[PDB]
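Engineer: 3D model of this:
(one chain, ligands or ions: 2)
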Amino acid sequence: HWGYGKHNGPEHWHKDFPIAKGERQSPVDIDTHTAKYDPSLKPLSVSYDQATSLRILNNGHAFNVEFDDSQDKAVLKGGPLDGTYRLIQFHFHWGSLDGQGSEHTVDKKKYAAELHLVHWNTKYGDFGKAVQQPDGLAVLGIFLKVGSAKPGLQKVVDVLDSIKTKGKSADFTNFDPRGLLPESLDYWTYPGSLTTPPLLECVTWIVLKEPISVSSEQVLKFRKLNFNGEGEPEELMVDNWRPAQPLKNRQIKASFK
Ligand SMILES: NS(=O)(=O)c1ccc(NC(=O)Cc2cccs2)c(F)c1
Ligand SMILES: [Zn+2]
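Structural biologist: Numbers count the residues shown, from 1 in each chain. Ligands and ions are numbered 1, 2, ... in the order given. Sure, the structure comes next:
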């Protein structure tokens, strides 16, 4: 099955998932000088005050913090979006080294990691239906660089020892994702895809200009996770990112001048 190794990595995905070579694949390089300011873009509306986190899961590709998405408790609206998108989970992609790890790049620059807050369009009723629609998902992407610690991330870091291997989950209630956001909500936006199989072309990407900083100790703890299940040969969960894909017939829009 698919993964991030030499024999099952991003270069191989197209064989099982031909959409990997499609017209609106993610991630992409964000060329800051070619992106166009769109003064008609509304400010992002992030309403996470009633968020209800439930669980944290190691799924063998990353770890997801999952939320109760059975009502409008934590939603994203505005920006390039029409309607309401409900937060279902967030996860990260990261590197084996601080110099790589993000999926999107900015003028070819790689960050140490990238946070994805995944939301689905409520007009489609549930996540499974949404991923089958061109405007089904909105993913808010946030770059991580290594520097000072991110206090709001620490609760996540501290539970990782309990979900070291594939298939492990742990209760994770009362986590506030507002603690993972940078100060500015300035963003770039473009139409794209899931960055892992099945690579469905259902995502409006909203990538924040301002990275958050996390400590070297924090990202080191990400790199102690395992891709494998318990009792299988240990393979560290690192470099779980897809490289930048061709932009093709798309324009990246900026919310800021
Ligand atoms: N890295 S990402 O583009 O933000 C992403 C990548 C994958 C999923 N989820 C799934 O792929 C789960 C699905 C299985 C079958 C259809 S969707 C997701 F919800 C978000
Ligand atoms: Zn992701």
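
Engineer: What helix or strand is the residue located most distally from the centre of the chain located in?
Structural biologist: Note on the chain: the largest C-alpha distance from the chain mean falls to residue 231, namely 28.6 Å (CA atoms, centre = their mean). Element membership for residue 231 (DSSP states H and E) is empty, with no helix or strand holding it.

Engineer: Residues of the stretch 151-257 of the chain that sit close to ligand 1?
Structural biologist: Taking CB under 6 Å from any ligand atom as the contact definition, the stretch 151-257 of the chain meets ligand 1 at 194-196, 198. (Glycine included, C-beta is placed from N, CA and C.)

Engineer: which other residues reach the helix or strand containing residue 128?
Structural biologist: Here residue 128, judged by DSSP H and E, is contained in helix 127-130. Outside of helix 127-130, the residues that reach it under the criterion CB atoms under 8 Å, 6 or more residues apart in numbering are 69, 88, 120-121, 124, 136-137, 202.

Engineer: what's the answer for stretch 32-44, then?
Structural biologist: Residues contacting stretch 32-44 (CB under 8 Å, 6+ apart): 76, 78-80, 106-107, 140, 185, 187-189, 206, 251-257.

Engineer: now do 7 Å
Structural biologist: If you take CB atoms under 7 Å, 6 or more residues apart in numbering as the criterion, stretch 32-44 is touched by 78-80, 106-107, 185, 187-188, 206, 251-257.

Engineer: Show me which pair in these is furthest apart.
Structural biologist: 78 and 107 (26.5 Å; CB to CB).

Engineer: Which one of those two is surrounded by more residues?
Structural biologist: Each of residue 78 and residue 107 has its neighbours counted (other CB atoms under 10 Å); residue 78 has more, 16 against 10.

Engineer: for that one, which residues make a bridge with it?
Structural biologist: Beta-bridge pairing for residue 78 (DSSP bridges): residue 44.

Engineer: who are the neighbours in contact with it?
Structural biologist: By CB under 7 Å, 6+ apart, the residues touching residue 78 are 42-45.

Engineer: Buried subset of the residues you listed, written for PyMOL?
Structural biologist: To isolate the buried ones among these in PyMOL, judged by 16 or more other CB atoms under 10 Å, type:
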select buried, resi 44
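
Engineer: Residue 157: which of the contacts of residue 78 is nearest?
Structural biologist: For those, the nearest to residue 157 is residue 44 (26.2 Å; CB to CB).

Engineer: ok, that closest one to ligand 1 distance?
Structural biologist: Per CB to the nearest ligand atom, to the nearest Å, residue 44 is found 17 Å from ligand 1.

Engineer: Kindly report the same for residue 32.
Structural biologist: When distance is defined by CB to the nearest ligand atom, residue 32 is 22 Å away from ligand 1.

Engineer: tell me the SS of that residue?
Structural biologist: Secondary structure, DSSP: H, G, I helix; E, B strand; the rest coil: residue 32 is coil.

Engineer: State the distance from it to residue 190.
Structural biologist: Residue 32 is 13 Å from residue 190, where distance means CB to CB, to the nearest Å.
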